[PDB]
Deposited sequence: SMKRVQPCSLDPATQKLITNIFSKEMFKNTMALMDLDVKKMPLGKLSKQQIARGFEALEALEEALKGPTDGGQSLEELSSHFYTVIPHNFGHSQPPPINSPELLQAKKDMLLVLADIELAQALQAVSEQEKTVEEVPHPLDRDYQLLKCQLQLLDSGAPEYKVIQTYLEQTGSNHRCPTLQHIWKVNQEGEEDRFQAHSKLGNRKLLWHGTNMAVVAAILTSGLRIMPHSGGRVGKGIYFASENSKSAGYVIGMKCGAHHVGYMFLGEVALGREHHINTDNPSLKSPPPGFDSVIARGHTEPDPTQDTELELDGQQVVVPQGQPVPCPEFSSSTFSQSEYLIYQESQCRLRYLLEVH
């Protein structure tokens, strides 16, 4: 029998690792995306299945753009590959660009669920080694990402807290529980190359809980089949309320639990837009970012700065105020886009109730 070594983690980090590696949380997410968890168990989920899923969605995309199969014939093949559960009734046809991108977004989450499952596989070295770490230490070690819990006294604590409270829902106030500094090793070098590229900003990136382990393992990515209102890049917001909309919040006890990322984004020369462009794959030449400007913006006169690795990083601190220039924008709130993974570094992780 193998000796289980004691857990080295603080209670808040243990709780976080318990939450983001939880089998029930992953199944819950699949259930919330109307996936058939009985026909698709966590352990049966595979890279081949997800690939076959995206192949079926691409065929549907070609039909949506000949004498080929009908949209219902092609939809039926997608549901055979990715079993859904609509109370065991006939699943609906994927006959619109809005339905298609939603199905792609579902598979991107499912790919991050499969990645967390693949990450937890027992290596041959582990089978030979005569002791084992506590399961939470093992999961933490697999992320290959340093997490450091901040106390109310850390220099950035009050700055982050003000950012959260001033730009979050005025009535549906997100309650801050914990902040971890995130040091993803193998993400430092690519981001540091952009040292001469300024206009650095700390921006929100909200996700569901089932993709947090994959992000701590791999960083924010520009995945194939990804997209949205401002194309194929990494989406950020300066308003917490915009990023919070993407946080489902899992029920636990008498409260909700969710996680939010803060990323350091080197925006450099910004290109501003006031209308949707799902076809963008990069900024225009000579630009380093695309900012879909909203009707509001956290009061720029209230911006502060944080020193992160000897670089000034703008941190908004004001409530949203109107922006007359973008009063007629198709965006109510700003969306910040970068099209190179190296222009982002994860910096903080927040637990919110």
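The deposited chain is incompletely modelled, with C-alpha atoms absent over 1, 67 to 69.
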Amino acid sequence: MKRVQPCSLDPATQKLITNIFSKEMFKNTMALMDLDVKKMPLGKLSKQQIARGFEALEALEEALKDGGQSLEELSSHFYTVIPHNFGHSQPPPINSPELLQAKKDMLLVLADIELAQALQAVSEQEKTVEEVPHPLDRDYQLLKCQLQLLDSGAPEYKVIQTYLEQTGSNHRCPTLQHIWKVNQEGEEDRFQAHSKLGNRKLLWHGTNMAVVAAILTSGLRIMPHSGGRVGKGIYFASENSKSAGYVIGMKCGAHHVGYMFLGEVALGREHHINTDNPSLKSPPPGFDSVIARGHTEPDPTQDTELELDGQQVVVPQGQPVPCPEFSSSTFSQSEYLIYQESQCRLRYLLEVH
From here on, numbers count along this sequence of modelled residues.
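What we label the rigid core is the largest C-alpha set whose atoms superpose within 1.5 Å from one form to the other.
Relative to the displayed structure, the C-alphas of 123 to 131 lie farther away on average in 9 other deposited structures of this protein than those of the other candidate, with 123 to 131 and 216 to 224 compared after rigid core superposition.
Averaged over their C-alpha atoms, the temperature factors of 253 to 261 and 274 to 282 are higher for 253 to 261.
When the C-alpha B-factors of 132 to 140 and 196 to 204 are averaged, 196 to 204 comes out higher. You'll see in the entry that, of 297, 34, 58, 288, the Cα B factor peaks at 58. Of the residues listed, 314, 30, 50, 308, the entry assigns the biggest Cα temperature factor to 308. Among the modelled residues of its chain, residue 352 has a C-alpha B-factor that falls in the middle third according to the deposited record. Residue-level temperature factors show residue 86 in the highest third of its chain, judged at the C-alpha atom. Remark: residue 160 belongs to the middle third of its chain, ranked by C-alpha B-factor as recorded. When the modelled residues of the chain are ordered by their C-alpha B factor, residue 218 lands in the middle third.
Looking at the C-alpha B-factors along this chain, the one for residue 64 belongs to the highest third.
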